[PDB]
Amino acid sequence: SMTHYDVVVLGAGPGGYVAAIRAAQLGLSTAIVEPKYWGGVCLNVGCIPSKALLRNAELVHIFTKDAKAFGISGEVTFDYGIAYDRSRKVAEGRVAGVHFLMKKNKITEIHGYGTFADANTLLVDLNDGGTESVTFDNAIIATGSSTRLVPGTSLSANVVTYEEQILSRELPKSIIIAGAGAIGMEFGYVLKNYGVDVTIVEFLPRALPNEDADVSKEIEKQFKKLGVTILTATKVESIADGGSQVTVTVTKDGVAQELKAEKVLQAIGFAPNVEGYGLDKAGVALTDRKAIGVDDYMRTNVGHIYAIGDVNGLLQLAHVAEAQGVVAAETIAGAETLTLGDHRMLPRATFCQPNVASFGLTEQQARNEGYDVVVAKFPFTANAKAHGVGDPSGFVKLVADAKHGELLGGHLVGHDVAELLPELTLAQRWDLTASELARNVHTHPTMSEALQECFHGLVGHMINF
């Protein structure tokens, strides 16, 4: 078969399927090509099921640590197999949801793997073995990324990516997680709570090393108290799968040590999917770090080909991929659009308990860049609902420029603080300062009141602390 579309989308993750919806809304005939995962990594083996598992693990944590406090009597047991099953039900529901949205928007689904032949044509190897050719006026590449392996190591039966681990109904006795980013922590949290022995190795001197140092310290303390072992400033040298166990050679301070465990999880980063589908034929240029290069409108060096989501390596998160997809489709149609701006300002979160949530500049980053830095910090031990909820740990930390009280960054750790970010990002985007923000009344009692107190701290004096 041969057909022509205004827009063809490569990949059906949050980037692609949203970009496709948006193009269809703006009146463009749209097709979307995907061989495996509708809803991409996020809906099938990423954000969606993992958040279901973390919820289960939180309930375990609540019991095994706070049963006495909440007046719980009983020997209560938690089957991981049921946590697993529920994670699959939840993923399956949303994937079906994607299909509903494609149909609602009259978007043509093409089930196969797509490869550029020219800058205007796409060769698709269909899953049933056949072929079809799609010619397009515009293409939106949303092919995502794949796991980056520790150099010189490989995958095997007991050395896995997020993908094999998140799909395991059965659980290992012990695991070593390479990398202490968002995904490494979240997996560490779920597995430990469910009885697995967990060791996490990070090369940089901090867990969650992109976060504010005050946040890294807080989350490390919580994990050590949970019983997870975190090795920082430590380099994975080699990984040996001996069947009955995995042997991980590790160096710190010029001292090699061996760590053993049943399994090893590789979670040190994600490399953009860029090879094997004809970017060269299309004339699309890569960056130094082998991501697809793009301007502020997600346009590649080829005027009519766009690149959105993890494949551009700018900030590998689903909400980013969604927003870039919307940018790309509006630019194609000629519709009114706004670029995302500096991606450092975009919000980010980790969903273990305590939650981690942030946007913009850390305290130290702000000082290093020449700002007149003001900082306000409010511990959740001074918040009424945090005590009411049983988790007074953590804090809200804002950093601003003193001249006008403009927000440069927000850094939160505590119970479900991921939900508290939008007031901040809204303020940052539309130039609302601490002084305007301090005049927004917050409902009592919520965790959100800690935001109000920080706003006050920036302009002068906190009340409740």
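Numbering starts at 1 and follows the sequence shown.
Mean Cα B-factor comparison, 453-461 or 5-13, giving the higher one as deposited:
Comparing 5-13 with 453-461, the higher mean C-alpha B-factor belongs to 453-461.
Between 299-307 and 333-341, name whichever shows the higher mean Cα B factor according to the PDB entry.
Mean CA B-factor is higher for 333-341.
Have a look at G325, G188, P272, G74 and flag the one whose Cα has the highest B-factor in the entry.
Comparing C-alpha B-factors across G325, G188, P272, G74, the maximum falls on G74.
Per the coordinate record, which of the options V196, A142, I110, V284 holds the highest CA temperature factor?
In the PDB entry, the greatest C-alpha B-factor among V196, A142, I110, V284 is found at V284.
Could you place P354 in the lowest, middle or highest third of its chain by Cα temperature factor, using the values in the record?
Highest third of the chain for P354's C-alpha B-factor.
Using the temperature factors of the C-alpha atoms in this entry, rank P422 within its chain: lowest, middle or highest third.
Middle third by C-alpha B-factor.
State the tercile, meaning the lowest, middle or highest third, of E164 with respect to the CA B-factors recorded for its chain.
Tercile = lowest for this residue's CA B-factor.
Relative C-alpha B-factor of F395, binned into the chain's lowest, middle or highest third:
Its C-alpha B-factor belongs to the middle third of this chain's values.
Which third, lowest, middle or highest, does the CA B-factor of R88 fall in along this chain?
Lowest third, going by the recorded CA B-factors of the chain.
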